[PDB]
């Protein structure tokens, strides 16, 4: 197959989706075929659609969903509220394996943080990454609290031998402060900081987003993700 990457984060609202669009845009501009999947989408009752947003920002057409729930909560609660079930583990693995192919980068976008339950019983994105032998890209903030959350996440990945593909700061303030500056320097000391997206990148139009995306990542690292 090709390269499967799960895109996770230290928690909710850290920039997972915009980072997914940014890595997809960068990989597209390097000539890499990209597919993005979203095993579980909540918040559809308020218009949440991360796949649609990645298509808008990065131009990705190969977009695959599975489970969708209206309420903007964790999947187990949103499914329960709606009278619906979580998907099974093998259904998520099938969604991913159907997309995987040589020379393609398949990004698997999580819901919330790494240990969020996506399938019964207690099946998380970490288990899925083990199942499809994927590495994990971790989206982080630069805010107070971030190193503890980043270190807990990286420890949880290592516990199941899921490789860490690096960190991406989802929103980077221009200009930064003492805490943001100290955290980025300390984040870079615990793992590779692949990128740091400028604040408000999600508002950029397609052309500015593609320019930001290409500038945001090291063109050489993106190319090395998939032969």
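Residue numbers count along the first chain shown, from 1. Here, rigid core means the biggest group of C-alpha atoms that superpose within 1.5 Å across both forms.
- Superpose by the rigid core: which stretch, 116-124 or 153-161, shows more Cα shift in 9 other deposited structures of this protein? When 116-124 and 153-161 are compared in 9 other deposited structures of this protein, 116-124 lies farther out.
- Segment of higher mean CA temperature factor, 91-99 or 142-150: Between 142-150 and 91-99, it is 142-150 that shows the higher mean C-alpha B-factor.
- Mind pulling up the entry and telling me whether 109-117 or 74-82 has the higher mean Cα temperature factor? The deposited B-factors put 74-82 ahead on the C-alpha mean.
- Please work out which residue in 41, 171, 62, 163 has the highest C-alpha B-factor recorded for this crystal structure. Highest C-alpha B-factor among the listed options: 171.
- Item | Options 158, 26, 202, 54 - largest CA temperature factor per the record | Going by the entry's C-alpha B-factors, 202 comes out highest.
- Task: Name the third of the chain's ranked CA B-factors that contains residue 223, choosing lowest, middle or highest.
- Result: Its C-alpha B-factor, which the entry lists for residue 223, ranks in the highest third among residues of this chain.
- Message: Quick check on the deposited entry: does the C-alpha B-factor of residue 167 sit in the lowest, middle or highest third of its chain?
- Response: Its C-alpha B-factor belongs to the middle third of this chain's values.
- Message: Split into thirds by Cα B-factor across the chain's modelled residues, where does residue 14 land: lowest, middle or highest?
- Response: Lowest third, going by the recorded CA B-factors of the chain.
- Message: Sorting by Cα B-factor within the chain, modelled residues only, which third would residue 30 end up in: lowest, middle or highest?
- Response: According to the entry, residue 30 has a C-alpha B-factor in the chain's middle third.
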